[PDB]
Amino acid sequence: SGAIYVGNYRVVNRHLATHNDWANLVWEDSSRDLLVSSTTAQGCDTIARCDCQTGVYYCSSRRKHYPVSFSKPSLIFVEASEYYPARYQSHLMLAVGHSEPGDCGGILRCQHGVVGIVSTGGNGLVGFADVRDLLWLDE
Ligand SMILES: CS(=O)(=O)c1ccccc1CC(=O)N1CCC[C@H](C(N)=O)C1
Ligand SMILES: [Zn+2]
């Protein structure tokens, strides 16, 4: 579990979004596993605007932060689940690192700020849904 709070927005994994998130819906994309909802309070997370391929992510199943090298955002096949049928997920970045069910929502950051959130994983791999192209989160 976990979310990004920037201005009047809350960014969460779409498969984990709440009733309140859906009642205050701004934008959602099943192919990216992202949902953004509106908030009354101000969020102070800074979003990165860069092409960094190194950073640090939070792993709740280990209660630790890990440094990682990650790939550029791309279309990657993701196996079926109680949340989605088998499909390609867009804007996805992979890294060699630990992750397991329960870790989605952990933030990935570089020196410039928030890069994305854990969205997929397994087999000594971790997948991050990128948020750096969502320029409207600032304005
Ligand atoms: C079971 S796992 O793949 O090792 C793992 C690891 C870390 C974190 C999660 C998972 C499970 C997983 O990948 N998904 C279930 C939830 C929706 C995800 C999606 N984006 O389509 C896909
Ligand atoms: Zn960066």
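Along the sequence shown, the residues carry numbers beginning at 1. Hydrogens, waters and symmetry mates play no part in the numbers below; they use all other heavy atoms, side chains included. Indexing begins at 1, ligand by ligand and atom by atom, following the structure's order.
Defined by atom type and a distance below 3.5 Å, a donor-acceptor pair is present between the side-chain atoms of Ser90 and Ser31. Using modelled atom types and a 3.5 Å distance limit, the side chains of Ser119 and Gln89 yield a donor-acceptor pair. Side chains of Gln42 and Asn8: a donor-acceptor N/O pair is present below 3.5 angstrom, by distance only. Between the side chains of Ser37 and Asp21, at least one donor-acceptor pair of N or O atoms lies under 3.5 Å. Counting only N and O atoms by type, the side chains of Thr18 and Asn20 include no donor and acceptor under 3.5 Å apart.
With sequence neighbours left out, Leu134 forms a side chain to side chain contact (heavy atoms under 4.5 Å, CB included) with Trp27, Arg32, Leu34, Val131, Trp136, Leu137.
For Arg87 and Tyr84, the positive end sits near the middle of the six-membered ring, less than 6.0 Å away and at most 45° from its axis.
For atom 9 (C) of ligand 1, the nearest non-hydrogen atom of the protein is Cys104 SG, 3.6 Å. Considering only non-hydrogen protein atoms, atom 11 (C) of ligand 1 sits nearest to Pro101 CG, 4.5 Å. What sits closest to atom 20 (N) of ligand 1 on the protein, heavy atoms only, is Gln89 OE1, 2.9 Å. Among protein heavy atoms, atom 3 (O) of ligand 1 sits closest to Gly121 O, 2.8 Å.
At a 3.5 angstrom cut-off on N or O pairs, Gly122 counts as close to ligand 1. Between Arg87 and ligand 1, an N or O atom pair is found at a separation short of 3.5 Å.
The proximity of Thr120 to ligand 1, defined as any non-hydrogen pair under 4.0 Å, involves the side chain as well as the backbone.
Ring geometry for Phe77 against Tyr88 counts as perpendicular: the plane angle is over 60°, on a 0 to 90° scale with 30° as the lower cut.
Follow the hydrophobic side-chain contacts under 4.5 Å out from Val118 and you never reach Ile107; the two are in separate clusters.
The distance from ligand 1 to the heavy atoms of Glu100 drops below 4.0 Å at these ligand atoms: 6 (C), 7 (C), 8 (C). Under a 4.0 Å criterion applied to the non-hydrogen atoms of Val78, ligand 1 contributes the atoms 21 (O). In summary, the atoms of ligand 1 found under 4.0 Å from a heavy atom of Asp33, numbered by their order in the structure, are 20 (N).
With salt bridges taken as basic N to acidic carboxylate O contacts below 4.0 Å, none links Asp130 and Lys72.
Listed by chain and number, the protein N, O or S atoms at a distance under 2.8 Å from the Zn ion (ligand 2) are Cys50 SG, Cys52 SG, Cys110 SG, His112 ND1.
For the residues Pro85, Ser119, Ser81, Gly124, the heavy atom positioned nearest atom 18 (C) of ligand 1 is part of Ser119.
Of the possible donor and acceptor atoms, one in the side chain of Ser99 sits under 3.5 Å from a partner among the backbone N and O of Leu125.
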